[PDB]
Amino acid sequence: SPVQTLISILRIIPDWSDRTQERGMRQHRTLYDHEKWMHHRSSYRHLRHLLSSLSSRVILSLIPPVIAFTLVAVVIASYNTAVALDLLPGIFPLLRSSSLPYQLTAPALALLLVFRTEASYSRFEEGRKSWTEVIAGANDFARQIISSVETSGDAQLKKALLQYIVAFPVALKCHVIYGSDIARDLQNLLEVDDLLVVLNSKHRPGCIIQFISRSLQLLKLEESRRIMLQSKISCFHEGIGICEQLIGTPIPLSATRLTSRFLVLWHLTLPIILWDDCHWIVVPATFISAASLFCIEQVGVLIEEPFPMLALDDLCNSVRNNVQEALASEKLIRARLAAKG
Amino acid sequence: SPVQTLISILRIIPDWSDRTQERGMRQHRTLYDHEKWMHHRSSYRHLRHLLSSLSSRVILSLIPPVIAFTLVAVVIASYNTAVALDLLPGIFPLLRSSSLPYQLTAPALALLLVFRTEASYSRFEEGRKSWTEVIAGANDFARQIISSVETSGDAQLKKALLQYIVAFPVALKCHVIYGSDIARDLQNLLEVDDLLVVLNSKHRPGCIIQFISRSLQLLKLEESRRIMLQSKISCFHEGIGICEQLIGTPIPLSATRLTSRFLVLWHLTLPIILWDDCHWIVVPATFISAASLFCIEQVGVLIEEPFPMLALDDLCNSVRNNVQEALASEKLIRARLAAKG
Amino acid sequence: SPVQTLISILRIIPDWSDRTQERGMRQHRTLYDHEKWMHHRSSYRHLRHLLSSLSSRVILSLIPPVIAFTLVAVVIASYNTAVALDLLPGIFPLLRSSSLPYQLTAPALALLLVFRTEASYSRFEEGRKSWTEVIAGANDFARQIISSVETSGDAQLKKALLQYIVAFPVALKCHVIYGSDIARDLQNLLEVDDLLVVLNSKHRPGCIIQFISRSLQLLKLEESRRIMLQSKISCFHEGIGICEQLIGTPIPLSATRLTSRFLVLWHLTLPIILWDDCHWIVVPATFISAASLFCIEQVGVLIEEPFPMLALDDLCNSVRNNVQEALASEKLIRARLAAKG
Amino acid sequence: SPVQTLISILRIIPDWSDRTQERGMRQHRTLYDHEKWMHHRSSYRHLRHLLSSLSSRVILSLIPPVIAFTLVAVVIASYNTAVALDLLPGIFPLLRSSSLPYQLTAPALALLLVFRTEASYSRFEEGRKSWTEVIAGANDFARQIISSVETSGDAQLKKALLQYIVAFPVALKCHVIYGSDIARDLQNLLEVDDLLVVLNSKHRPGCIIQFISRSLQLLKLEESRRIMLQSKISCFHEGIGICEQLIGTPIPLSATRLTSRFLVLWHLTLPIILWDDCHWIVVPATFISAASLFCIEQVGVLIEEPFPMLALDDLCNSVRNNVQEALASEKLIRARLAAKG
Amino acid sequence: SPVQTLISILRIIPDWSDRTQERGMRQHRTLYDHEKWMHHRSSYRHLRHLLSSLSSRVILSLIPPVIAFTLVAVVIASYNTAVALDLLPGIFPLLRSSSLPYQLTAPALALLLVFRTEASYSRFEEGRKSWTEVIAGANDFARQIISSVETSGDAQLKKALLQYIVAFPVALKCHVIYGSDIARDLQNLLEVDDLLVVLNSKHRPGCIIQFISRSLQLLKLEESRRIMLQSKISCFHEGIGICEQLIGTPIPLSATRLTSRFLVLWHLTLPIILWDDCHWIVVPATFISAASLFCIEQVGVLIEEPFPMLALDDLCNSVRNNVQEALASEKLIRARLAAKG
């Protein structure tokens with residue numbers, strides 16, 4: 001109890017930081033337009049970023065490691081100040097050291113920290129390209145289905161097939177985001193009986209592909225045209241593959257634990273080597289170093305699995321908006337090209 | 001009012017800098033030719049870049065953050081000089097510190113600043129390749145349409161289809177540049193009734209694709225030849241996808257706010273750590289450091305969304321010039337190859 | 001014997017480290033899901049990584065080089081302390097040097113160490129993409145076989161062909177992992193007589209491809225449809241090629257021996273240059289430098305051949321689970337699309 | 001005149017440097033073979049590069065910026081020496097400063113300089129791959145035309161078509177090199193009347209493509225075989241696109257002017273901060289720093305537009321040599337494969 | 001003679017180093033297997049690399065530049081020691097300087113050295129991927145020929161065609177390795193009369209392609225199947241293109257001479273700036289700096305043209321072994337799939 005009521009009060013702050021950053025992963029993102037870019041490039045961005053630093057969830061996640069190292073700096077400083085005043089027995093030395101060992105290893109720590117964050121940014125870029133390809137393939141496939149499928153006996157199957165190409169990016173988004181309601185997001189895109197078959201499947205994006213693939217086998221098409229249409233499905237399998245490996249396989253964990261351990265050991269003895277030159281400036285110096293260096297690691301950690309930093313709902317809605325515009329433009333494009341003739 | 005007439009005079013300079021850089025985003029760019037490369041590689045480039053530094057809009061955007069840090073250096077220096085002359089009560093210490101904490105963290109700041117600018121340059125390169133592919137696909141598709149389409153009953157549809165392949169890059173350029181007049185830019189490329197249907201569409205580059213796709217369904221072609229032609233449309237969907245994700249999804253904003261915050265905190269205490277070694281040289285030193293380090297961040301910020309730094313009007317005009325040269329060379333190439341035979 | 005009983009006691013620790021890390025290469029990995037990402041991003045990761053540092057097998061592999069350099073620091077320190085007390089003849093100088101030569105070469109060592117680890121991480125990423133492509137191709141090929149193959153006379157050949165597409169990733173996994181039992185892993189995927197032919201082949205993933213390729217020649221298909229199906233086999237040859245070159249061709253060994261030699265020479269004279277500023281702090285300083293710098297090299301060494309850090313059994317089971325779900329959804333998707341009609 | 005006869009004598013050296021480097025862009029390059037690699041890897045390369053440093057045109061281009069900064073170092077040193085001897089009124093201070101501000105910003109300058117040169121090398125690599133693809137596509141297309149085209153009535157058209165595939169890389173080389181004589185380079189590759197049509201076209205590589213595309217429409221081919229042959233033309237459009245964007249779009253000029261300005265300001269005050277430690281060694285120190293740091297920038301500037309550093313004439317001659325060897329081997333390969341049968 | 005008998009004794013060591021490294025380029029390499037990876041990752045690699053440092057040919061190539069700089073350090077040290085003892089007239093100053101100029105430029109030298117070696121490693125990776133693609137294409141093409149070619153009248157042509165797909169990687173290996181005996185390496189792969197036609201061709205890998213391309217025109221195939229088979233030849237043209245550009249076009253030589261010149265000037269004045277702090281420790285310090293920094297450049301130089309560091313004979317033998325296993329498995333796979341039916 002005496003070691004169990006103190007081990008629980010120490011968890012109050014890290015638990016709050018953990019609850020705060022997870023709520024920030026569930027925030028809804030929006031695509032940038034032109035006026036958001038003007039605000040992004042403004043000369044006031046430096047002041048407004050500094051003023052928004054106590055509402056940023058990166059900095060709130062950094063509160064446990066920054067306070068822990070700052071108390072260690074205060075403890076080392078208090079002990080050193082007490083020794084300098086001869087308040088201790090005399091066997092107790094001053095916890096000081098040369099900064100030369102840290103000068104030699106300072107560029108290695110920086111290069112390793114930036115390497116891990118560059119590896120994390122590469123995973124964000126790969127996630128962004130994969131979604132770009134899936135949305136451009138869904139737009140392309142839908143555009144070709146509106147042109148290719150001519151026969152009036154295939155009106156219902158063409159309608160059904162265009163509903164599954166719009167539903168596929170929504171299914172993939174629900175497959176990669178933790179609390180997702182695919183039933184709610186597909187309620188007005190799929191038929192009531194089509195959505196029951198998808199909801200009974202463990203791999204829902206896989207199930208929509210199978211409806212698309214079976215629909216292309218039932219259309220009255222020449223075989224050359226069908227091979228052209230069913231070659232557009234492979235981008236959906238590629239999308240599923242790339243997105244599932246980014247959630248399944250993180251950056252090799254030996255590299256991420258090395259960056260953690262190196263940053264913890266460096267900030268544990270940093271007050272000891274800074275003492276001769278700084279004295280009690282070790283406290284604010286350790287505070288600023290821990291806040292600056294653990295924030296480079298925190299940025300990389302938060303974008304390592306990148307699907308919650310992407311506006312997947314706005315990208316999915318673009319395909320739906322593009323397909324309904326094209327079904328309304330069809331009579332007026334057909335008329336104009338018949339007039340040409 | 002007393003705190004509201006001073007909060008407004010402080011906005012005069014950042015508002016001017018913001019109006020100056022946005023006007024520089026709307027400047028018209030031209031493709032480099034050989035004599036511009038000779039001028040670019042000249043030994044006078046070092047002098048002429050230095051002389052053009054007060055007309056460069058990067059440096060004008062840097063005027064608010066550089067003056068703000070320079071006044072902070074002047075305030076810290078004035079306070080320190082007043083303390084050294086014993087003009088203050090005596091409880092007021094000298095704002096000085098060891099430079100050793102900044103020596104240890106100097107390589108981390110540099111690596112992070114160059115990482116953000118490299119990420120911005122990667123987005124410029126991706127925007128450049130995407131336009132290269134769309135212009136080469138428009139040239140290829142047009143070249144094949146001039147060869148493939150033979151039948152004299154399809155003369156008007158071939159004319160119409162070649163107008164939409166030239167119009168597509170203009171539509172995509174108007175779709176990614178903020179103040180664009182697609183009606184003015186397509187006035188002499190599309191028919192009056194064809195341009196009305198495009199102007200009524202929310203996704204105009206999408207609408208031109210649908211005219212191309214419907215035109216290929218109405219041509220008297222063998223099915224194998226039609227599949228070959230409609231496979232050339234996918235580069236247009238890819239172009240739309242890549243260009244829309246560069247405007248919709250910026251570099252993850254946690255990484256860009258970290259570079260901003262780190263640069264602001266570093267220049268706020270930089271006069272304090274430089275005092276013992278520099279005294280009033282903290283003012284020009286802080287001026288040069290803020291101007292040098294915030295300019296690396298400013299370059300990255302301005303090319304992060306890269307379409308205004310690209311000569312999209314000259315690249316679009318190349319496709320138009322290439323297609324009209326090919327329609328004039330057609331009778332003389334046909335004659336020469338008939339002579340061979 | 002006197003030089004042969006001491007040369008054997010020195011091998012006790014490196015042999016134990018070598019047996020410990022190899023047992024860690026044979027540990028079974030699991031795909032990350034959402035709750036493992038929450039635990040990965042927690043604010044307690046910094047404390048729990050530090051507490052798990054004496055059970056991490058990277059650090060146990062670092063035990064021989066870190067102790068060897070720490071004893072060298074103790075030997076140099078003991079000799080220097082004995083000279084300072086005039087316990088030696090007097091011809092014996094103090095083993096001290098300026099740190100200026102190491103200050104000039106410190107950034108070169110860091111850049112080279114991070115380059116070798118970045119090259120190793122690039123090989124891990126290439127291994128990860130190759131598996132992503134092979135699993136997405138196996139999913140795509142299986143999905144098309146379930147749609148394409150219609151004829152009821154080809155029921156047994158379609159069953160057989162879907163067993164070989166699920167078996168191929170298991171065969172490739174057994175081909176790249178050292179102690180593998182392909183007979184045990186293919187016992188319930190292949191027929192008893194089909195598995196005997198695969199087990200008699202030296203290149204088992206190659207043998208499964210040949211069964212797939214022969215099965216596509218015996219199906220009653222139109223030739224255009226067969227060419228479409230046999231074009232899906234090339235991703236399996238590409239998978240075999242990429243995976244075999246990662247095991248056959250390491251990072252050029254001249255670059256890896258340079259990083260080893262540079263790190264050994266740097267830690268051999270590091271106590272000599274640190275003495276004037278540190279005295280007996282050369283022992284913990286050399287301990288921390290050797291542990292920090294050889295751990296960056298160790299991470300790169302352990303992920304250089306990356307297939308044991310990948311959850312190849314879970315990725316292989318995903319294809320098997322996806323194909324059996326699709327064979328159970330087939331009657332209910334066929335019914336729904338017939339109802340449409 | 002007094003300010004106009006001195007402004008002209010100062011241009012003598014930069015004009016000479018500009019005339020010298022442009023003449024080096026027009027030098028003819030040759031492909032490396034095995035004995036040039038042995039000479040390239042020799043242990044004498046370090047001495048022979050140092051001895052050839054006053055004939056290297058990079059160093060001659062660096063002569064204006066290196067002399068300008070060296071005279072500034074001499075002026076600052078002369079003024080400081082005159083002040084130390086009390087030869088001035090006494091209101092004149094010594095132009096000295098702490099080197100600490102430059103120590104903090106030294107790693108930022110290095111990282112930015114190497115980033116710009118890496119961006120320039122990436123443009124050289126992209127230019128090299130684009131030429132590799134165009135030459136391999138010209139070899140592939142020619143090889144297929146020699147096999148595919150069988151009919152004896154198409155002998156003259158097959159001859160003509162193989163002349164245009166060899167002529168296309170020569171036309172593209174003349175299109176990207178400033179003083180080119182396409183008439184002289186195509187005089188023995190094209191017919192006299194075919195070369196007149198190409199010379200009358202503004203986009204000559206585009207004109208050759210149109211002859212190839214029209215020749216494939218006039219051959220007596222099955223449609224499936226023609227689609228296979230005309231799919232080999234797209235690599236030529238891709239080649240034109242990639243090569244034209246490298247000449248049209250340089251590295252964003254905001255990034256290149258920042259590297260210029262940073263290097264000029266750094267070498268202007270470098271004698272002032274080096275004085276206390278170096279005195280008149282500021283002159284050779286500034287000379288070596290300006291020569292070393294402006295040479296990293298000069299290398300990047302000279303390879304930024306890379307087509308003059310590539311042996312485009314030797315790569316073009318390889319396609320011509322490969323096609324004539326294949327037309328002489330045709331009777332003896334046909335005989336051997338008929339003997340098999 | 002007096003200046004000609006001394007200019008020849010100085011060439012003894014660089015000539016020996018040049019003869020030693022070229023003999024190391026001709027050593028035969030073997031593919032890594034699992035037990036070589038265990039030995040590669042062992043904790044004894046740090047000791048065994050250090051012990052093998054006087055048999056490594058990188059270090060033997062470094063012997064001329066390391067001895068030359070070490071004698072310069074000995075000459076500068078001897079002159080400085082003689083001046084300190086007043087053994088000279090007195091007009092002779094001490095060759096000493098501040099290390100501050102080298103501290104500012106130390107990170108630029110390191111970044112440039114690692115950039116050149118990263119560029120060299122990128123050329124090794126490109127060479128490795130190109131061979132991976134050619135071997136996977138040869139495996140794929142052979143696998144399809146064994147399935148596709150059915151007719152019993154084409155037995156000899158199928159045999160011949162499978163001999164040319166195995167012979168092509170051997171021909172490409174002989175085309176990129178300096179002393180190669182293509183006649184000896186193709187003696188048991190090609191027919192005696194087929195090998196005479198290949199030996200009479202200047203571009204032997206090109207000649208084998210032409211036999212493959214002519215063999216596919218003589219087979220009794222449907223045209224759709226022939227187009228599928230002749231599309232597998234393009235990877236051979238791509239392989240030839242990528243491999244020839246790596247031997248023809250080195251890293252731009254302006255960048256490689258800059259790294260050479262910078263490293264030579266840096267080690268020439270390094271004893272002068274290290275003297276005040278080191279005295280005769282300038283000799284071992286210059287020895288270690290020259291050995292460490294010129295070894296990073298030497299690694300890059302030796303892998304810049306990478307084909308001799310690749311096990312091209314083992315990769316070529318894998319295709320031959322895979323094709324003969326598949327011709328022996330053909331009767332037993334045909335039997336098993338006929339039993340299914």
# chains A, B, ... in the order shown; residues from 1 in each chain; ligands from 1
>>> select_by_dssp(residues="region 157-321 of chain E", states="alpha helix (DSSP H)", output="ChimeraX atom specification")
/E:157-176,182-185,192-199,204-218,223-230,234-248,253-268,270-278,282-303,312-321
>>> residues_around(residues="region 139-145 of chain B", least_positions_apart="3", cutoff="7 Å", atoms="only C-alpha atoms", output="ChimeraX atom specification")
/B:135-136,148-149,162,165,232,319,323 /D:234,237
>>> residues_around(residues="residue 322 (chain E)", least_positions_apart="4", cutoff="9 Å", atoms="only C-alpha atoms", output="number ranges by chain")
C: 202-203, 206; E: 139, 317-318, 326-327
>>> closest_atom_pairs(of="chain A", to="chain E", cutoff="12 Å", atoms="only C-alpha atoms", output="Markdown table")
| residue | atom | partner | partner_atom | distance |
| --- | --- | --- | --- | --- |
| A:107 | CA | E:107 | CA | 9.9 |
| A:111 | CA | E:111 | CA | 11.9 |
| A:224 | CA | E:224 | CA | 11.5 |
>>> write_last_selection(atoms="N, CA and C atoms", output="short mmCIF file (atom, residue, chain, number, x, y, z; two decimals), in the first residue's frame")
data_model
loop_
_atom_site.label_atom_id
_atom_site.label_comp_id
_atom_site.auth_asym_id
_atom_site.auth_seq_id
_atom_site.Cartn_x
_atom_site.Cartn_y
_atom_site.Cartn_z
N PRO A 107 26.59 14.93 -32.53
CA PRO A 107 26.10 14.70 -33.91
C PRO A 107 25.54 13.28 -34.16
N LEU A 111 21.66 12.82 -35.76
CA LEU A 111 21.48 12.06 -37.02
C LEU A 111 20.53 10.86 -36.79
N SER A 224 -12.60 -9.10 -75.11
CA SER A 224 -11.49 -8.09 -75.12
C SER A 224 -11.85 -6.91 -74.22
#
>>> residues_around(residues="residue 106 (chain D)", least_positions_apart="4", cutoff="7 Å", atoms="only C-alpha atoms", output="list in words")
residues 102 and 110 of chain D; 104 of chain E
>>> write_last_selection(atoms="N, CA, C and O atoms", output="PDB file, in the first residue's frame")
ATOM      1  N   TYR D 102      29.284  31.684 -35.544  1.00  0.00           N
ATOM      2  CA  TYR D 102      29.601  30.861 -36.743  1.00  0.00           C
ATOM      3  C   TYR D 102      29.681  29.390 -36.357  1.00  0.00           C
ATOM      4  O   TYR D 102      29.283  28.561 -37.208  1.00  0.00           O
ATOM      5  N   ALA D 110      26.661  23.810 -44.162  1.00  0.00           N
ATOM      6  CA  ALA D 110      27.158  22.569 -44.795  1.00  0.00           C
ATOM      7  C   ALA D 110      25.991  21.713 -45.293  1.00  0.00           C
ATOM      8  O   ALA D 110      26.026  21.209 -46.477  1.00  0.00           O
TER       9      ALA D 110
ATOM     10  N   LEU E 104      35.194  24.979 -38.371  1.00  0.00           N
ATOM     11  CA  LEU E 104      34.048  25.492 -39.174  1.00  0.00           C
ATOM     12  C   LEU E 104      33.803  24.647 -40.429  1.00  0.00           C
ATOM     13  O   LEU E 104      32.634  24.470 -40.785  1.00  0.00           O
TER      14      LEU E 104
END
>>> closest_residue(among="D:177, D:310, D:67, D:171", to="residue 195 (chain D)", atoms="only C-alpha atoms")
D:171
>>> atom_distance(atom1="CA of residue 37 (chain D)", atom2="CA of residue 22 (chain E)")
10.6 Å
>>> closest_residue(among="B:321, B:163, B:180, B:215", to="residue 339 (chain A)", atoms="only C-alpha atoms")
B:215
>>> atom_distance(atom1="CA of residue 62 (chain A)", atom2="CA of residue 45 (chain C)")
11.7 Å
>>> closest_residue(among="A:70, A:42, A:8, A:132", to="residue 239 (chain B)", atoms="only C-alpha atoms")
A:132
>>> residues_around(residues="residue 179 (chain D)", least_positions_apart="5", cutoff="12 Å", atoms="only C-alpha atoms", output="list in words")
residues 34 and 35 of chain B; 22, 23, 25, 26, 27, 173, 174, 184 and 308 of chain D
>>> write_last_selection(atoms="N, CA, C and O atoms", output="tab-separated table (two decimals), in the first residue's frame")
chain	number	residue	atom	x	y	z
B	34	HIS	N	18.26	27.75	-73.40
B	34	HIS	CA	19.74	27.65	-73.33
B	34	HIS	C	20.35	28.97	-72.87
B	34	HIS	O	21.26	28.92	-72.03
B	35	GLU	N	19.88	30.11	-73.34
B	35	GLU	CA	20.57	31.37	-72.95
B	35	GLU	C	20.21	31.71	-71.49
B	35	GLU	O	21.07	32.39	-70.86
D	22	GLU	N	31.91	27.77	-70.53
D	22	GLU	CA	30.97	27.48	-71.65
D	22	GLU	C	31.67	26.66	-72.72
D	22	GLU	O	31.03	25.75	-73.24
D	23	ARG	N	32.92	26.96	-73.00
D	23	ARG	CA	33.74	26.14	-73.94
D	23	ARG	C	33.90	24.72	-73.37
D	23	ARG	O	34.00	23.80	-74.17
D	25	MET	N	31.53	23.11	-71.59
D	25	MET	CA	30.21	22.47	-71.84
D	25	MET	C	30.14	21.92	-73.28
D	25	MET	O	29.30	21.04	-73.51
D	26	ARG	N	30.95	22.41	-74.22
D	26	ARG	CA	30.84	22.01	-75.65
D	26	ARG	C	31.87	20.94	-75.98
D	26	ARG	O	31.88	20.50	-77.15
D	27	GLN	N	32.68	20.52	-75.00
D	27	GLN	CA	33.67	19.45	-75.20
D	27	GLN	C	32.92	18.14	-75.44
D	27	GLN	O	31.80	17.93	-74.88
D	173	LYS	N	18.93	14.22	-79.21
D	173	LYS	CA	20.23	14.81	-78.79
D	173	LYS	C	20.36	16.22	-79.36
D	173	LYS	O	20.76	17.15	-78.62
D	174	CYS	N	20.05	16.41	-80.63
D	174	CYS	CA	20.16	17.77	-81.24
D	174	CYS	C	19.15	18.71	-80.59
D	174	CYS	O	19.38	19.91	-80.58
D	184	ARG	N	23.49	17.91	-90.43
D	184	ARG	CA	24.78	17.21	-90.57
D	184	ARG	C	24.71	15.83	-89.91
D	184	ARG	O	25.23	14.88	-90.45
D	308	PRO	N	24.83	18.17	-71.47
D	308	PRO	CA	26.24	18.31	-71.89
D	308	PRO	C	27.29	17.50	-71.12
D	308	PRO	O	28.33	17.48	-71.52
>>> atom_distance(atom1="CA of residue 183 (chain B)", atom2="CA of residue 325 (chain B)")
24.7 Å
>>> closest_residue(among="A:88, A:176, A:108, A:72", to="residue 309 (chain A)", atoms="only C-alpha atoms")
A:176
>>> residues_around(residues="residue 51 (chain E)", least_positions_apart="5", cutoff="12 Å", atoms="only C-alpha atoms", output="list in words")
residues 257, 260, 261 and 264 of chain C; 44, 45, 46 and 56 of chain E
>>> residues_around(residues="residue 57 (chain A)", least_positions_apart="5", cutoff="8 Å", atoms="only C-alpha atoms", output="JSON, numbers by chain")
{"A": [20, 21, 24]}
>>> write_last_selection(atoms="N, CA and C atoms", output="mmCIF file, in the first residue's frame")
data_model
loop_
_atom_site.group_PDB
_atom_site.id
_atom_site.type_symbol
_atom_site.label_atom_id
_atom_site.label_comp_id
_atom_site.auth_asym_id
_atom_site.auth_seq_id
_atom_site.Cartn_x
_atom_site.Cartn_y
_atom_site.Cartn_z
ATOM 1 N N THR A 20 -5.311 12.030 -24.052
ATOM 2 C CA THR A 20 -5.411 13.280 -24.833
ATOM 3 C C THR A 20 -4.962 13.034 -26.275
ATOM 4 N N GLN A 21 -3.864 12.300 -26.488
ATOM 5 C CA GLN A 21 -3.323 12.107 -27.866
ATOM 6 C C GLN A 21 -4.224 11.148 -28.655
ATOM 7 N N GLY A 24 -6.978 12.939 -30.079
ATOM 8 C CA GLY A 24 -6.494 13.693 -31.248
ATOM 9 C C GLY A 24 -6.335 12.868 -32.509
#
>>> closest_residue(among="A:255, A:278, A:235, A:228", to="residue 302 (chain C)", atoms="only C-alpha atoms")
A:255
